[PDB]
Amino acid sequence: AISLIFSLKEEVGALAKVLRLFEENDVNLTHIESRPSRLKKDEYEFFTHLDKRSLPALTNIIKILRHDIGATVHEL
Amino acid sequence: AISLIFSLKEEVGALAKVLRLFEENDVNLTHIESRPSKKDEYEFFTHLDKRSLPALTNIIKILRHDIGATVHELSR
Ligand SMILES: N[C@@H](Cc1ccccc1)C(=O)O
Ligand SMILES: N[C@@H](Cc1ccccc1)C(=O)O
């Protein structure tokens, strides 16, 4: 499984923006879970699985999340 | 915190559409977790902050009758 972790600044629609970006890149989730960040009081972390057909978008959505959104992101 | 548990039909952008509804109603999540369900669906466990309460009747309307999700639980 493709595993991706990212951290977002807390606000309404924070996750929705990420998922819109995923959808627009034909990325499809098989798992999501959140937890409050232990590092920053104003951040939430998200652990996701993506299906294998999402692989061609993977390098690129990582860069977009970091660049367009300012998320901290890591492929696991 | 408001507990809301619902299923969606599996498709690219399934969750994005729901989170757009939430966002447009000023609903803020504090937790999300998915699980595969019904073979072609996913179940979502969410918590909404108390400030989301004025939105509940509208998001339930749209979730049930527009998006066509099944709501398994709503509790506060
Ligand atoms: N595969 C769907 C539903 C889904 C979302 C998140 C986790 C698991 C399933 C999507 O990407 O929107
Ligand atoms: N509160 C933010 C981030 C978040 C999403 C989902 C779960 C937890 C936190 C939002 O509603 O988008």
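Excluded from the calculations below are hydrogen atoms, water molecules and symmetry mates; all remaining heavy atoms, backbone and side chain alike, are included. Chain letters run A, B, ... following the sequence lines, proteins first and then strands; every chain starts at 1.
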Practice prompt. Specify which of A/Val27, A/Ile32, A/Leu29 makes the most heavy-atom pairs with chain B at under 4.5 Å.
Written response: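 Sorted descending by pairs with chain B, the first entry is A/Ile32.
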Worksheet entry | Cluster link A/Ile5 to A/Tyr44, ILVMFWY, side chain under 4.5 Å |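 Each belongs to a different hydrophobic cluster.
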Worksheet item: Hey, quick one: are B/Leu21 and B/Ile60 part of the same hydrophobic cluster, counting side-chain heavy atoms closer than 4.5 Å, chains of contacts allowed?
Response: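 Yes; B/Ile60 is reachable from B/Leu21 via cluster members.
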Worksheet item: A/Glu43: what forms a salt bridge (charged side-chain N to carboxylate O under 4.0 Å, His left out) with it, not counting sequence neighbours?
Response: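 So A/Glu43 forms a salt bridge (charged side-chain N to carboxylate O under 4.0 Å, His left out) with A/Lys9.
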Fill in: By salt bridge (charged side-chain N to carboxylate O under 4.0 Å, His left out) - contacts of B/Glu43 (at least two apart)
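Here the qualifying residues are B/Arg35.
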Discussion item. Looking at every non-hydrogen atom in both residues, tell me the closest pair between A/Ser34 and B/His31 and how far apart they are.
Written reply: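 Minimum heavy-atom separation between A/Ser34 and B/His31: OG-CA, 3.3 Å.
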Worksheet item: What are the two closest heavy atoms between A/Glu23 and B/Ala16, and how far apart are they?
Response: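 Closest approach of A/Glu23 to B/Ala16, heavy atoms only: OE1-CB, 3.8 Å.
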Worksheet item: How about A/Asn28 and B/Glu10: does a side-chain donor come under 3.5 Å of a side-chain acceptor?
Response: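 Yes, B/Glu10 and A/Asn28 have a side-chain donor paired with an acceptor closer than 3.5 Å.
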